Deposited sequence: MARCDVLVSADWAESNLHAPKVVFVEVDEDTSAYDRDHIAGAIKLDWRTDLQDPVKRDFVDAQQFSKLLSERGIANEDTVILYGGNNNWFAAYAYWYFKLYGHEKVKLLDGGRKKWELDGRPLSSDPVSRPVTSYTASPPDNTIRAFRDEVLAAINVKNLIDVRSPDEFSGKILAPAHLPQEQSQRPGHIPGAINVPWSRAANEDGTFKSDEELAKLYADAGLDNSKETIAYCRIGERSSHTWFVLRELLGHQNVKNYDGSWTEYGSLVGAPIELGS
């Protein structure tokens, strides 16, 4: 259970905007928000153009990730503080990428942009450029990623946490984030991602979070995989399960329903 090491408050953040070897990184859909204004000194990662493979359906490999961080001026030894709008979803997605590629010191700004703005804390429109660095990633740690064949093999073996809306989960509605069939993975439990967050964007307490998943049916005798439509809301939930609640065996299934719901002959379950 690692809340102390993985999360920083807006209060800590504002007092540490120019602290040695700390870098703030805004991650979202596009950089429109960041280009309007941002936390002072923060740099941006574009979740679509910087972090996705432009040809294959995948995110960037270790070399592409290293090249990107080198160009943006992030070092292996920097403490990276990630934040964003769209509910800190893409910031949590980036946090998961950082851990995948072996980065040690990285944390989320609790509540992201929503909490910062709600607090009335200053934002800046000054441009930011950092001197380039030499970042070298590790090979992916696939203990935190699930692929399609292991997800199919996990049915009835691992907890499968579906963080989509209840209407998607039951298959009442199908959903660019489309698939061939509605429904969920058999045996999956539905905990819509937002149940783990407060109105102001912050994560709920360890007490609230443990109750939420225990009541929904998370089985502590089983390992776990989280999923949504694309790796997005599921990365936020992955962070909750692994980093805050301390489960050691949690994978993000980034293929998610856009993959699974398009697979020929995959088991599908309806209703709930």
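**Q** Tell me, which runs of residues in the deposited sequence have no coordinates at all?
**A** The deposited sequence has one unmodelled segment, at 176 to 180.
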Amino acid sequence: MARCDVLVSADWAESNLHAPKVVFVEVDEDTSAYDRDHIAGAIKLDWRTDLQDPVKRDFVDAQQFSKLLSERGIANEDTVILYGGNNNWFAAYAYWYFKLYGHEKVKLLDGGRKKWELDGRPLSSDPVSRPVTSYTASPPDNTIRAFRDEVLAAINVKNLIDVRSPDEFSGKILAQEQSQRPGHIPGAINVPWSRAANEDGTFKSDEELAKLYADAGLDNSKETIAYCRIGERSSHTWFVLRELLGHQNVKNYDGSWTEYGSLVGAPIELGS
From here on, numbers count along this sequence of modelled residues.
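**Q** Taking the recorded C-alpha temperature factors, which stretch has the higher mean, 11 to 19 or 246 to 254?
**A** So the stretch with the higher mean C-alpha B-factor is 11 to 19.
**Q** Averaged over C-alpha atoms, is the B-factor higher for 119 to 127 or for 142 to 150 in this PDB entry?
**A** It is 119 to 127.
**Q** Using the temperature factors in the entry, find which of 227, 239, 34, 65 has the highest value at its Cα atom.
**A** Comparing C-alpha B-factors across 227, 239, 34, 65, the maximum falls on 34.
**Q** What third of the chain, by the recorded C-alpha B-factor, contains residue 69?
**A** As the PDB entry reports it, the C-alpha B-factor of residue 69 lands in the lowest third of its chain.
**Q** Based on the deposited C-alpha B factors for this chain, I'd like to know if residue 109 is in the lowest, middle or highest third.
**A** Residue 109: CA B-factor falls in the middle third of its chain.
**Q** Taking the chain's C-alpha temperature factors as the reference, tell me which third residue 188 falls into: lowest, middle or highest.
**A** For residue 188, the deposited C-alpha B-factor lands in the lowest third.
**Q** For residue 58, return the chain-relative third of its C-alpha B-factor as stated in the PDB record: lowest, middle or highest.
**A** Residue 58: CA B-factor falls in the middle third of its chain.
**Q** Sorting the chain's modelled residues by C-alpha B-factor, tell me whether residue 158 ends up in the lowest, middle or highest third.
**A** According to the entry, residue 158 has a C-alpha B-factor in the chain's lowest third.
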